[PDB]
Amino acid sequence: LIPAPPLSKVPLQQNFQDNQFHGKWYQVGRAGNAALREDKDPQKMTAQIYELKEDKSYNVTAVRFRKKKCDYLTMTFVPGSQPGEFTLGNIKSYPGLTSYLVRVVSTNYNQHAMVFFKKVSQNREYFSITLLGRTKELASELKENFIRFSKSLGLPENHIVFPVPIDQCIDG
C-alpha cells in the first residue's frame, strides 16, 4: 500500500451537474494503491450505472461477468455539501468498511470522467482513481492524462490497469 494523498491534491469538478453525470459509464481505466496481484487471467471491463434519486443520492450499480454469469453490486453515494463529493449510505452493511469518500475530479459528462475513491477497510486505508467512459474505448490523450494524474498521486505505472472490453453483461 501507498499513502492516500491529501485531498488538496484531488481536484473537484467545478460546478458539478448531478443530472448530467447520471446513467451508464464503463470503467475503462483504474489505478489503486493496493495489492498489485499476479494472474494470467486478464482483467475484464465492468460497467457502472449512476442512478440519480429523489434524495439527490446515486444508487451506483456495477456489473461484472463472472462464472459465466452477470454479477451486480449496488452502493449508495450520499451527497456532501460540496457538489461532486459523496459519502457511503448504510456503511454498516459493508463488513469491514469504516470510512468511505467519493470525489468526482473531472468530467465533460458526455464522454469521460475521472473519479477518486478513498476508504478504510479492516483498518487499512485504500484509494483509487477510475477513468470512466460513455463508451468502452477512449482516446489515447484521455488515457495519458489519467496516467499522469494517477502518477501525480504517487501511483506507479504498474498499478494502472485498462480492463479489456467484453460483450457480456456490460452492454446491459
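One rule holds for the numbers: they count along the sequence shown, beginning at 1.
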Legend entry - 57 to 65 or 31 to 39, whichever carries the higher mean Cα B-factor: 31 to 39
Inset, instruction - Select between 128 to 136 and 141 to 149 the stretch whose C-alpha atoms have the higher average B-factor in the entry. - result: 141 to 149
Legend entry - Ranked against its chain, the third holding the CA B-factor of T87: lowest
Inset, instruction - Would you please rank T98 by its C-alpha temperature factor against the other modelled residues of its chain and give the third it falls in: lowest, middle or highest? - result: lowest
